[PDB]
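Following: one structure in structure tokens, then a few remarks.
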2 protein chains.
Amino acid sequence: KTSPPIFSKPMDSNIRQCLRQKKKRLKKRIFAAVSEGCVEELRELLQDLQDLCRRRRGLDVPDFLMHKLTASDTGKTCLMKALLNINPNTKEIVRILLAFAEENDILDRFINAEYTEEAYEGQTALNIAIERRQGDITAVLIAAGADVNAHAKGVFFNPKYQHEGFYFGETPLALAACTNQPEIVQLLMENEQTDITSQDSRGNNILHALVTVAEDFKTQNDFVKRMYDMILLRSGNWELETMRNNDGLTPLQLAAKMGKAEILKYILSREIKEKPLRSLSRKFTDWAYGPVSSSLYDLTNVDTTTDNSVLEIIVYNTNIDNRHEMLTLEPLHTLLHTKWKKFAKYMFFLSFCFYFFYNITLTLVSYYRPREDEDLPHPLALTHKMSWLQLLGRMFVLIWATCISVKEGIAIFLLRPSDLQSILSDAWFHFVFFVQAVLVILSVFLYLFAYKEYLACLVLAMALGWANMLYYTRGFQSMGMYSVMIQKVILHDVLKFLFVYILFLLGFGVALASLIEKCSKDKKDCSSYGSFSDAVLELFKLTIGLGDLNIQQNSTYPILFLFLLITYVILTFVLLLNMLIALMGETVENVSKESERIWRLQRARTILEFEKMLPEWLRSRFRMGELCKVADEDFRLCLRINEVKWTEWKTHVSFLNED
Amino acid sequence: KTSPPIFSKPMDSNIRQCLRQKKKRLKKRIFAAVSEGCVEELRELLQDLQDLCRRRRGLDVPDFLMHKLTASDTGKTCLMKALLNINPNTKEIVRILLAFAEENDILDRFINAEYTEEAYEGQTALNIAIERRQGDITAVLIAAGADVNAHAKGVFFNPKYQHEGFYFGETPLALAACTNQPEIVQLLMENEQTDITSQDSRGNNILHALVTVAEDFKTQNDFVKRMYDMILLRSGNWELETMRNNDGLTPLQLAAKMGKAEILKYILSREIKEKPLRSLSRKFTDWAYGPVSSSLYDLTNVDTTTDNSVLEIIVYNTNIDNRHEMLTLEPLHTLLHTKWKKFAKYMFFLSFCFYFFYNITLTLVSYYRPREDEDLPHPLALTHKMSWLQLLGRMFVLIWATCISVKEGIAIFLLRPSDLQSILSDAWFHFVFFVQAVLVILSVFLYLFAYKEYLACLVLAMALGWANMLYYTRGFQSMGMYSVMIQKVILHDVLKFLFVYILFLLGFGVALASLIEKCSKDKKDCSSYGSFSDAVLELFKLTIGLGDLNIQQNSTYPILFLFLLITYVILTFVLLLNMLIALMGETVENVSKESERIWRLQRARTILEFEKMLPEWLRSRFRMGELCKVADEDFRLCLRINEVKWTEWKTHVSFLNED
Ligand SMILES: CCCCCCCC/C=C/CCCCCCCC(=O)O[C@@H](COC(=O)CCCCCCCCCCCCCCC)COP(=O)([O-])OCC[N+](C)(C)C
Ligand SMILES: CCCCCCCC/C=C/CCCCCCCC(=O)O[C@@H](COC(=O)CCCCCCCCCCCCCCC)COP(=O)([O-])OCC[N+](C)(C)C
Ligand SMILES: CCCCCCCC/C=C/CCCCCCCC(=O)O[C@@H](COC(=O)CCCCCCCCCCCCCCC)COP(=O)([O-])OCC[N+](C)(C)C
Ligand SMILES: CCCCCCCC/C=C/CCCCCCCC(=O)O[C@@H](COC(=O)CCCCCCCCCCCCCCC)COP(=O)([O-])OCC[N+](C)(C)C
Ligand SMILES: CCCCCCCC/C=C/CCCCCCCC(=O)O[C@@H](COC(=O)CCCCCCCCCCCCCCC)COP(=O)([O-])OCC[N+](C)(C)C
Ligand SMILES: CCCCCCCC/C=C/CCCCCCCC(=O)O[C@@H](COC(=O)CCCCCCCCCCCCCCC)COP(=O)([O-])OCC[N+](C)(C)C
Ligand SMILES: CCCCCCCC/C=C\CCCCCCCC(=O)O[C@@H](COC(=O)CCCCCCCCCCCCCCC)COP(=O)([O-])OCC[N+](C)(C)C
Ligand SMILES: CCCCCCCC/C=C\CCCCCCCC(=O)O[C@@H](COC(=O)CCCCCCCCCCCCCCC)COP(=O)([O-])OCC[N+](C)(C)C
Ligand SMILES: CCCCCCCC/C=C\CCCCCCCC(=O)O[C@@H](COC(=O)CCCCCCCCCCCCCCC)COP(=O)([O-])OCC[N+](C)(C)C
Ligand SMILES: CCCCCCCC/C=C\CCCCCCCC(=O)O[C@@H](COC(=O)CCCCCCCCCCCCCCC)COP(=O)([O-])OCC[N+](C)(C)C
Ligand SMILES: CCCCCCCC/C=C\CCCCCCCC(=O)O[C@@H](COC(=O)CCCCCCCCCCCCCCC)COP(=O)([O-])OCC[N+](C)(C)C
Ligand SMILES: CCCCCCCC/C=C\CCCCCCCC(=O)O[C@@H](COC(=O)CCCCCCCCCCCCCCC)COP(=O)([O-])OCC[N+](C)(C)C
């Protein structure tokens with residue numbers, strides 16, 4: 001993606017880089033013989049190794065012999081070098097190397113060997129055989145004492161990113177499962193020493209590991225769905241799918257964290273009909289008659305009742321790709337729609353009314369202020385009591401403004417740094433609601449010091465206040481697009497047109513202000529291009545189309561003053577301004593193509609954020625789901641959902657081929 | 001493409017155009033007999049030719065006999081006329097003509113015959129047989145003494161353009177190779193007299209010739225890739241692919257010169273695994289484990305270390321079609337990205353800073369000049385020393401401006417004439433950087449003559465100077481499009497709208513200025529349409545939308561003055577101006593569809609142009625690549641590149657059909 005990785009030492013190297021002595025020719029000539037496939041040259045070199053071991057001090061002969069078979073810079077052995085280079089005669093050089101280590105008491109050490117390298121640590125001879133797809137060499141090595149629980153930890157086998165390495169699950173069972181080799185997976189699970197409930201350095205197990213390697217888009221061949229079904233259904237218990245890693249996530253919650261929509265649909269809709277495996281399912285269909293059916297969903301680690309539920313991960317954590325496609329799955333779709341009809345319509349309506357009456361009060365009191373030198377109060381709370389009836393509206397300003405500044409200021413403090421790179425993560429409205437409430441109470445405090453700059457701050461509070469009414473247009477679908485593409489346009493288009501337009505507004509502004517002469521004879525001010533600040537204003541009025549091409553200029557070089565104004569009008573009114581209108585037209589077109597996807601993801605935040613304001617006795621009232629016994633000795637919560645599907649049923653009936 | 005060619009004399013003609021005598025009927029009747037396929041009439045005419053040769057002076061009888069078989073206007077013989085017209089009985093009239101020339105000592109002359117025509121010179125009887133796909137007549141002619149090294153040079157066999165003729169490689173081996181006939185190619189390479197390392201008049205050989213005939217786009221059947229592999233791998237040496245033609249190019253460098261992207265990808269990625277043919281490859285993969293792999297590339301005639309490298313041909317020589325598609329190939333992609341991280345980010349950042357401070361100095365000194373009659377210096381270098389601290393900024397203008405005018409003026413002098421027909425060949429910024437630096441030093445020299453027209457030249461230097469800051473927006477991808485489509489629009493759209501708009505600005509300008517009368521009673525100037533120059537200005541202010549439809553005109557025919565203004569506003573404000581905005585909208589749309597292709601090709605020029613400023617000890621430091629021994633007795637430079645490809649690997653594993 002970004003950059004290719006660097007590795008400090010290569011795993012295998014048959015390319016010699018640039019810059020009869022038995023202590024050199026024994027060790028080096030075996031590696032080259034076993035790599036090319038010279039069988040006859042190999043037996044003639046092994047019998048020379050035991051010749052040096054007879055002229056050696058006793059009781060240390062296995063330690064001396066392994067040093068002449070293992071490398072020193074890395075822990076790669078003769079059997080590892082043999083299996084990385086597959087030849088047509090590697091079935092027999094395994095037999096010859098296994099026979100040499102059986103003649104000594106070194107067979108247990110020669111197979112269970114590990115790399116000592118910092119970058120390839122823990123890799124054994126089973127990892128090379130399962131990688132190179134040698135199915136019959138694997139059965140021999142298990143039958144000779146290979147550890148089937150060896151973990152391969154390292155910088156290569158556990159990277160930081162999805163590139164820069166190759167993560168598969170760190171066990172030999174997970175390597176066979178992530179390489180689409182179903183027969184070796186059947187082979188290891190039928191062995192007694194295989195620990196299925198095993199965990200790696202990330203805390204993952206085999207079901208966590210298959211989620212990380214799955215495709216985030218639906219395609220034709222999906223072997224990670226058939227491997228998740230195959231390994232789960234053989235264990236026949238609950239310990240795998242209820243286990244948490246170091247981040248505290250199940251296999252179900254890691255699919256919603258990473259964004260895999262096809263693995264998520266499979267787990268929420270499992271239904272197994274055989275009697276010993278009935279209890280593993282999460283959906284229970286009890287009656288169906290034509291198109292209609294009734295079903296029960298599992299709802300255990302899904303609904304908003306514990307921490308890190310799958311309804312809360314999908315909504316709040318943007319940068320996940322498929323968030324609309326997952327919120328329309330079936331246990332999730334009914335839960336959001338039920339929370340809207342039961343308490344969320346009415347809390348969203350009271351927020352619109354307590355804010356619309358806040359702005360009518362703050363406007364009528366600011367507009368109708370006493371405009372005299374002899375009458376100067378601040379228009380708030382009756383700080384000087386003139387005793388007029390219903391003064392509570394002036395009290396209602398300072399009460400409701402200090403509530404918003406406390407509440408929204410906490411929400412700015414709780415912002416993730418990924419919440420500032422999405423429009424849908426509504427971090428714009430947390431800023432602007434805060435600064436409108438600060439300026440209200442700042443203007444009240446500056447009258448108590450009587451500075452008479454309160455009116456500069458009270459005017460800006462009315463203009464932001466009526467501009468924040470654009471938040472509440474997400475209640476309707478039709479008006480919910482205009483608050484979105486007023487923000488796509490002002491970031492993708494206007495802040496890139498701004499840097500180009502200052503270069504032409506600075507350059508011609510200094511140039512036109514340097515060609516004039518001082519016209520103040522007796523305070524005439526004939527020249528409208530006198531200063532730098534006067535010339536930038538008259539050039540802005542000409543891109544808009546409000547100024548004049550006044551040629552009668554009291555200055556030297558009158559024909560050069562015409563050449564530089566007409567060049568400005570062509571570049572910035574005919575060419576640049578009509579260009580930026582054709583860049584707004586491409587942004588507006590793409591928001592309207594996706595108007596439904598954007599409106600539905602803005603409700604789902606407002607539904608789950610009014611739920612965190614409710615008290616606990618009130619949230620316990622609206623809990624949807626009842627206790628239910630779906631099999632023997634197992635109790636769980638459930639939703640009953642009826643579903644009538646006319647288009648799916650009629651295609652099932654027409655295609656049936658009654659002939 | 002452009003025009004069909006003309007040929008001075010046809011190659012074969014069976015259509016007689018418009019405007020018993022044995023010296024006429026012997027020669028003419030053989031050609032018509034051998035063309036139609038009259039076998040019995042042919043033997044009755046050959047025995048009449050030897051009757052005339054018995055009544056002839058001796059020792060000259062082969063010279064007399066060939067003149068009655070070869071034509072005179074061209075060198076076409078009886079065997080050539082036989083093979084151009086294929087009949088079902090041309091297997092035997094070859095046998096009859098070969099038997100007649102064997103009875104004399106004229107067999108060596110009768111087969112090895114050449115056209116003497118200016119347009120078809122050198123064409124022999126093997127070229128006609130290999131063209132007409134007669135595979136078994138070819139083996140007979142080789143077995144009778146045909147020259148298999150005859151070159152066919154001529155205006156037809158070596159044209160100027162790709163049309164106007166048919167270039168194939170000028171040898172009989174290249175004709176068989178460029179006509180998709182693999183069996184005749186095997187036939188000639190197994191003959192001993194075949195010179196494989198042979199060159200034609202262009203200097204090309206068989207591997208150069210196959211590059212010129214290849215398709216520049218990837219399609220299904222590509223026989224030129226299978227012929228390049230077939231002929232190279234049989235020679236088994238290095239003389240073919242390291243040979244240069246008259247322009248000094250290898251077969252590798254001619255593919256990048258002509259733009260063939262599929263031949264270029266094949267050569268840079270050859271990998272042959274068998275032991276006698278291991279050494280011919282250019283990529284050496286030494287370890288691979290799942291998706292990741294490590295490889296070594298050849299880098300010999302690719303990297304910027306000699307003249308005409310393939311990294312330098314693709315970048316500088318536009319008019320080549322596939323330049324983005326070739327710069328993303330693998331030895332080329334890593335080299336450009338490595339030169340950016342090691343020295344090119346920092347040289348592109350110092351150029352932005354030494355030019356941005358050049359414009360702040362030249363603006364603040366021009367704007368704050370002494371505006372008095374008693375104070376008139378030139379604002380540069382303290383030509384009159386007033387002794388103010390840090391005068392070095394005024395010195396910094398004339399130093400840095402004379403550097404740019406020398407450096408950019410050399411670059412204008414080194415421009416190819418094809419560099420002035422591409423936006424991406426940045427010949428616009430070589431002009432405008434030059435003229436901004438000339439006007440600075442021109443204004444300094446005109447104060448030394450004290451002409452007081454220096455200020456007309458110093459003002460234009462500020463306006464161009466801030467407009468050249470649009471060059472440095474190619475560092476970012478998002479802003480790198482606005483400098484491009486400000487140039488596509490001002491060439492494809494505005495200079496075509498300009499010729500149409502002058503016709504309506506000239507015609508109505510003279511017409512409206514002829515209907516008025518002189519209003520200067522006592523210097524009133526009531527009529528704003530008095531002159532030609534006054535009327536063109538008031539009509540330009542009305543297309544923009546700044547003028548007035550002032551009907552109160554002090555002139556004769558007042559209702560005709562209304563009819564010609566309203567006709568102008570409809571034609572040029574409602575119709576023409578809104579048309580040109582819909583022609584800018586189609587240009588802006590196509591630049592944004594190709595925004596990534598244009599930004600990436602502008603970096604690649606700036607990377608290779610800061611490299612030509614570095615000194616030789618500094619360029620020798622940043623050389624990337626190490627000496628390496630990839631096979632016996634062969635040393636070469638290499639890059640090691642790691643590559644992890646998740647999408648290619650997982651499709652290889654899912655499609656494997658483990659069943
Ligand atoms: C029908 C079936 C049952 C329905 C259940 C009903 C449950 C009722 C409540 C239950 C508990 C909730 C307490 C929340 C209070 C927080 C106050 C607040 O700041 O407003 C918050 C919400 O405001 C509300 O959601 C509640 C509105 C009623 C407030 C009750 C006190 C005043 C009622 C006295 C009546 C008048 C007295 C006389 C007045 C003249 C504003 O939050 P926001 O809109 O999200 O902010 C803008 C968005 N932004 C975050 C991006 C910036
Ligand atoms: C001088 C140097 C040369 C010039 C600079 C050159 C470099 C600049 C280039 C940079 C990256 C290139 C991408 C092009 C678009 C750039 C804009 C951007 O950064 O958006 C980024 C994220 O968008 C956001 O940041 C969302 C806004 C967060 C809330 C901020 C509130 C501001 C309050 C203040 C009140 C203001 C009121 C306005 C309302 C907020 C990236 O956008 P994107 O990659 O296209 O991804 C689309 C995702 N999207 C849905 C979020 C859009
Ligand atoms: C002069 C110019 C104007 C000013 C300019 C301002 C401009 C800016 C404003 C622009 C637009 C304004 C936005 C409107 C805001 C809310 C409306 C809304 O949400 O729409 C909804 C209607 O929902 C309702 O109408 C509320 C339900 C009844 C509430 C009854 C009172 C509460 C009583 C309880 C008191 C509690 C206890 C009391 C306290 C203790 C529509 O939703 P729906 O159609 O129903 O369903 C969704 C469709 N779906 C099913 C496909 C998903
Ligand atoms: C970090 C790792 C190592 C990095 C290696 C760093 C190597 C450094 C250098 C190494 C040798 C290069 C010499 C090039 C000099 C040419 C001068 C020139 O005209 O500028 C040229 C480039 O300018 C540069 O690229 C270099 C900028 C530094 C100049 C050094 C002298 C002044 C430093 C004293 C410091 C301040 C003293 C105090 C001042 C107050 C302009 O070229 P351009 O931008 O292409 O032109 C515009 C484009 N156009 C062609 C279309 C028109
Ligand atoms: C009176 C008679 C009747 C009217 C005339 C009728 C006949 C006229 C018709 C002619 C051909 C028909 C094609 C239509 C487009 C015409 C324009 C053209 O010639 O472009 C040609 C090449 O484009 C260039 O020349 C690139 C600019 C080179 C640098 C020049 C710097 C000038 C500095 C001065 C400063 C000025 C500042 C502005 C910035 C430079 C051809 O363009 P194209 O075929 O479309 O190929 C696209 C390739 N492209 C990527 C290069 C675009
Ligand atoms: C007030 C209004 C403003 C005025 C209006 C002006 C408006 C006009 C201007 C518009 C935009 C301005 C353009 C910015 C120009 C350079 C920035 C740039 O290149 O971007 C790059 C940042 O590269 C860097 O930031 C430089 C790296 C650090 C330099 C450290 C100082 C040098 C020290 C050494 C001293 C040497 C020795 C000293 C002397 C002897 C971004 O590139 P990237 O993201 O890093 O990678 C590319 C992404 N890729 C990997 C996909 C390919
Ligand atoms: C389209 C235009 C784009 C924006 C440009 C707008 C300009 C702002 C530019 C930049 C903005 C930031 C600086 C603030 C300047 C404004 C303050 C001011 O006006 O007061 C004064 C300063 O006026 C000046 O003379 C200074 C402005 C020109 C030089 C700017 C600094 C150059 C270096 C920056 C970059 C390199 C450093 C980076 C190094 C890494 C004006 O005083 P006065 O009017 O004479 O009043 C007379 C009365 N009196 C005598 C009693 C005092
Ligand atoms: C892209 C990000 C831009 C940020 C803003 C984005 C939006 C921009 C929108 C608006 C902001 C733009 C400014 C307009 C209003 C001027 C305010 C002012 O204080 O001027 C004053 C000072 O200013 C000067 O003295 C002018 C100095 C001349 C050269 C300025 C650029 C040189 C430094 C470049 C620095 C880097 C800039 C490079 C920019 C490419 C006016 O002074 P005066 O009239 O000369 O004196 C007359 C005396 N009198 C007052 C008593 C009568
Ligand atoms: C960014 C826009 C460019 C900025 C503009 C700078 C461009 C410069 C480039 C090149 C200029 C090269 C010529 C040298 C200057 C000579 C000075 C001179 O003659 O002044 C004379 C006038 O003359 C003029 O009117 C100005 C002539 C400009 C040439 C046309 C350039 C077209 C640029 C457009 C396309 C660019 C597209 C670029 C796209 C990015 C003096 O005036 P006068 O007649 O003596 O008046 C006295 C009258 N009296 C009789 C009453 C006393
Ligand atoms: C939208 C309009 C489009 C452009 C049209 C613009 C017009 C320019 C047309 C063409 C431009 C090139 C010629 C330069 C003319 C300008 C010089 C000038 O004005 O000075 C004078 C010449 O004024 C005239 O009278 C001559 C202009 C009209 C006829 C043009 C030539 C026709 C032949 C060309 C083609 C056929 C040949 C081709 C053969 C193959 C003006 O003098 P004055 O104002 O009377 O001053 C009075 C004071 N005095 C008496 C002391 C002197
Ligand atoms: C497409 C390429 C075009 C090139 C430019 C592209 C951009 C064009 C933009 C601007 C240039 C256009 C000119 C506008 C400014 C006029 C300058 C001038 O010198 O006028 C003067 C002379 O001119 C005359 O005398 C006018 C002659 C009348 C007929 C003109 C066309 C006949 C020849 C057609 C030749 C072929 C043209 C065919 C064109 C289709 C004004 O003279 P006056 O006012 O009459 O005298 C009053 C006396 N007084 C001054 C003392 C008061
Ligand atoms: C390029 C545009 C065309 C140019 C225009 C030429 C077109 C000509 C074609 C044809 C004209 C044929 C008629 C002959 C002329 C007679 C003269 C006459 O009658 O004048 C009279 C007025 O009369 C008028 O107002 C003008 C009549 C024009 C006819 C409408 C044509 C529509 C063109 C549009 C569509 C074209 C689309 C083309 C698309 C490219 C005299 O005026 P008066 O009333 O005596 O005023 C004195 C008043 N007072 C004394 C009472 C105070």
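Residues are referred to by chain and number: the chain letter is A, B, ... according to the order shown in the structure tokens, the number counts from 1 in that chain, and ligands are numbered separately from 1 in the order shown.
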Within 8 Å of ligand 1, counting only C-alpha atoms and all ligand atoms: which residues, as a ChimeraX atom specification?
-> /A:342-344,346-348,350-352,354,392-393,396,400,403-404,407-408,426-427,429-430,433-434,471,606,609-610,613-615
Taking only C-alpha atoms and all ligand atoms into account, report as number ranges by chain which residues have an atom no farther than 6 Å from an atom of ligand 3.
-> A: 345-346, 349, 352, 469-470, 472-473, 475-476
Within 8 Å of ligand 5, counting only C-alpha atoms and all ligand atoms, which protein or nucleic acid residues do you find, written as a ChimeraX atom specification?
-> /B:419-429,431-432,486-488,490-493,495-496,499
Collect all residues with atoms no farther than 9 Å from ligand 10, counting only C-alpha atoms and all ligand atoms, and output them as a ChimeraX atom specification.
-> /B:501-507,509-510,532-533,536
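Of the residues under consideration (B:289, B:284, B:454, B:357), B:454 shows the shortest atom-to-atom contact distance to ligand 9 when counting only C-alpha atoms and all ligand atoms.
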Would you list the residues that come within 9 Å of ligand 12? Count only C-alpha atoms and all ligand atoms and give the answer as a PyMOL selection string.
-> chain B and resi 504+507-508+556-564+567-568+571
Residues within 8 Å of residue B:320, only C-alpha atoms, excluding chain neighbours under 5 positions, as an mmCIF file with N, CA and C atoms, in the first residue's frame:
```
data_model
loop_
_atom_site.group_PDB
_atom_site.id
_atom_site.type_symbol
_atom_site.label_atom_id
_atom_site.label_comp_id
_atom_site.auth_asym_id
_atom_site.auth_seq_id
_atom_site.Cartn_x
_atom_site.Cartn_y
_atom_site.Cartn_z
ATOM 1 N N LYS B 257 11.312 3.864 -26.477
ATOM 2 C CA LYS B 257 11.281 4.974 -27.419
ATOM 3 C C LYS B 257 10.003 4.956 -28.239
ATOM 4 N N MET B 258 9.515 3.771 -28.594
ATOM 5 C CA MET B 258 8.321 3.666 -29.416
ATOM 6 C C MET B 258 7.045 3.534 -28.608
ATOM 7 N N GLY B 259 7.126 3.107 -27.361
ATOM 8 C CA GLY B 259 5.977 3.120 -26.491
ATOM 9 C C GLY B 259 5.280 1.803 -26.283
ATOM 10 N N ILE B 314 11.448 7.596 -21.172
ATOM 11 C CA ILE B 314 10.010 7.632 -20.922
ATOM 12 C C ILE B 314 9.592 8.987 -20.370
#
```
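The spacing separating atom CA of residue B:195 from atom CA of residue B:150 amounts to 10.7 Å.
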Give me the residues near residue A:577 as a short mmCIF file (atom, residue, chain, number, x, y, z; two decimals) with C-alpha atoms, in the first residue's frame, where near means some atom within 12 Å (using only C-alpha atoms) and where sequence neighbours in that chain fewer than 2 positions away do not count.
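Listing of around_35.cif after writing:
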```cif
data_model
loop_
_atom_site.label_atom_id
_atom_site.label_comp_id
_atom_site.auth_asym_id
_atom_site.auth_seq_id
_atom_site.Cartn_x
_atom_site.Cartn_y
_atom_site.Cartn_z
CA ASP A 493 -14.10 23.22 -3.09
CA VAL A 494 -13.98 26.65 -1.47
CA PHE A 497 -10.34 27.96 -4.59
CA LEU A 498 -9.23 30.24 -1.76
CA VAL A 500 -5.54 30.34 -5.86
CA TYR A 501 -7.63 33.51 -5.53
CA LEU A 542 -15.47 43.34 -9.48
CA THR A 543 -15.33 39.54 -9.24
CA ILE A 544 -18.78 39.68 -7.65
CA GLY A 545 -20.00 42.16 -10.24
CA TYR A 568 -8.06 40.76 -14.09
CA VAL A 569 -11.69 40.50 -15.26
CA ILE A 570 -10.85 37.82 -17.83
CA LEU A 571 -8.83 35.67 -15.44
CA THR A 572 -11.04 35.86 -12.37
CA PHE A 573 -14.64 36.46 -13.57
CA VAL A 574 -14.77 34.63 -16.89
CA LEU A 575 -12.30 31.82 -16.13
CA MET A 579 -14.59 27.00 -13.08
CA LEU A 580 -15.37 26.76 -9.35
CA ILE A 581 -19.08 26.62 -10.17
CA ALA A 582 -18.34 23.53 -12.28
CA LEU A 583 -16.46 22.00 -9.33
CA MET A 584 -19.42 22.58 -7.03
CA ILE B 486 -6.11 26.71 -15.92
CA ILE B 581 -19.33 28.33 -19.89
CA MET B 584 -15.39 25.05 -19.98
CA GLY B 585 -17.53 22.53 -18.12
#
```
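Every protein or nucleic acid residue with an atom no more than 10 Å from stretch 447-449 of chain A, counting only C-alpha atoms and leaving out same-chain residues fewer than 4 positions away, appears here: residues 376, 377, 378, 379, 383, 442, 443, 453, 454 and 455 of chain A.
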Alpha helix (DSSP H) positions in stretch 289-447 of chain A, given as a PyMOL selection string | chain A and resi 310-316+323-327+330-339+345-367+392-413+428-447
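Between atom 7 (C, counted along the ligand's line) of ligand 7 and atom CA of residue A:528 the interatomic distance comes to 19.1 Å.
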Quick one: everything within 10 Å of residue B:597, counting only C-alpha atoms, minus sequence neighbours fewer than 6 positions away in the same chain. Send it as a ChimeraX atom specification.
-> /B:323-325,591
Write out the residues from the selection above, keeping N, CA and C atoms, as a tab-separated table (two decimals), in the first residue's frame.
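Listing of part.tsv after writing:
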```
chain	number	residue	atom	x	y	z
B	323	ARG	N	2.80	6.70	-21.23
B	323	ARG	CA	3.87	7.07	-20.31
B	323	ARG	C	3.51	6.82	-18.85
B	324	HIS	N	2.24	6.95	-18.46
B	324	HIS	CA	1.88	6.61	-17.09
B	324	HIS	C	1.90	5.10	-16.88
B	325	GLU	N	1.46	4.35	-17.89
B	325	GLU	CA	1.37	2.90	-17.74
B	325	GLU	C	2.74	2.24	-17.66
B	591	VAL	N	-10.25	16.86	-16.88
B	591	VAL	CA	-9.02	16.98	-16.10
B	591	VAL	C	-9.17	16.28	-14.76
```
